[PDB]
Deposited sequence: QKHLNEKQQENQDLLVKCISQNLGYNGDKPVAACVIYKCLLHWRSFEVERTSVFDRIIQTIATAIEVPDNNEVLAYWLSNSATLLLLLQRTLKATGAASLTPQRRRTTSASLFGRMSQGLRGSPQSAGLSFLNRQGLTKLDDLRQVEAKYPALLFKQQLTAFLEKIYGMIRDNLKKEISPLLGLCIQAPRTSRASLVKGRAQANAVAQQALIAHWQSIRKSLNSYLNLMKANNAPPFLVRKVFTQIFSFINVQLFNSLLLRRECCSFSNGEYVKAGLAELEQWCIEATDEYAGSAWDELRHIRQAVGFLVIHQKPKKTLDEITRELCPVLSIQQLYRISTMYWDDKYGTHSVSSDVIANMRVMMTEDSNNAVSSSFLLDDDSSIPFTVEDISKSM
């Protein structure tokens, strides 16, 4: 008789209520992912041809993250989704086209050495749906951080206009420190939720990409930002962000510092002494090897200085830049001018599993 459909709904209703609560962590392992996995392994839910269990897990995570100020619940479900997908990745064998007081017997995060099960269609859809939610959650954490440091960069770029004394300049240096605090908040929130360092390395690398774009684009498009004094101010800012990368360490920072290679080199140009004495070859290969000719030309021709009264690169250097741009223009070769950030998903479930 169909008294199994009532016991199965009761069991699913139970799991939903457990994973709706904060189950926190045991050792450095997310508990909800381990509780979910074991129930599905116990019930053999990976081997059933039809079931609601997977849908209800997805609905629970979906209902949890889609609330206002979702940073804590997002960091939580990032760490859990990553661990659950890692287990699913090493468990579910592909089939078809692609070719609650039983948990008291042992520790929740201590799991019997993973054994492969030939997953049925509900289970293969779940891995795909859970993958999509990891990417969505990752995206929301990153984009939430972008939205928080966007207004601070907004004030960093307005520093020339804000300076219509040393106190006023130091008040604008504080904005770089405000960004460093926001970076550390999200770092500590993901460390508290034992987010796999690999995934955290991606977030900050993609965020420093965003910073590099916002600052470098303002040099190209804002005359007032293309000055010696603004070169000094930004160089001060880069020292704050470099310090954050050292404190965070390469384990959590990744190559976030190397994502600023454009703005670093551009600022390196703006502050260099005796620009008129420099050759085009020095500028393009010793100072700004990552910058395009079209970028250098804009910076070189828009450069001004009402502080030290220093001049730009020589007219002979600006002449050699203009010919190179018509050379490239004649070949219909699209050259880099404005930068764009990395808003892509920079990982696959295999990459996540390959590490840790």
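- Numbering the deposited sequence from 1, one finds several regions with no C-alpha coordinates, namely 100-128, 194-203.
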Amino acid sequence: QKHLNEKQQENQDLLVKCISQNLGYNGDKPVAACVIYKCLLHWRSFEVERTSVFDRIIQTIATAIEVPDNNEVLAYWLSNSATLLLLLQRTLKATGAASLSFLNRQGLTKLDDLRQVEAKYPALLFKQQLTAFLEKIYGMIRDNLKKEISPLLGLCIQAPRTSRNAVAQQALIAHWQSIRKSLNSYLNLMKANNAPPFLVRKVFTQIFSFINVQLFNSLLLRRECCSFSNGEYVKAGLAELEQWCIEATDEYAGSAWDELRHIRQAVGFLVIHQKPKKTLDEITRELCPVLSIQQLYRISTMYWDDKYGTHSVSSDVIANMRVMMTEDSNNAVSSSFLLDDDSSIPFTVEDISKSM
From here on, numbers count along this sequence of modelled residues.
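- The mean Cα B-factor in the deposited entry runs higher for 282-290 than for the other of 73-81 and 282-290.
- Of the two segments, 108-116 and 191-199, the one listed with the higher mean B-factor is 108-116 (C-alpha atoms only).
- Between the residues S150, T131, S255, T95, the entry's highest C-alpha temperature factor is the one at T95.
- Between the residues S344, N22, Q9, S336, the entry's highest C-alpha temperature factor is the one at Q9.
- Ranked by Cα temperature factor within the chain, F54 sits in the lowest third according to the deposited record.
- Ranked by C-alpha B-factor against the other modelled residues of its chain, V31 falls in the middle third.
- When the modelled residues of the chain are ordered by their C-alpha B factor, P276 lands in the highest third.
- Sorting the modelled residues of the chain by their CA temperature factor places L103 in the highest third.
- Per the deposited record, the Cα B-factor of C226 falls in the middle third when ranked against the other modelled residues of its chain.
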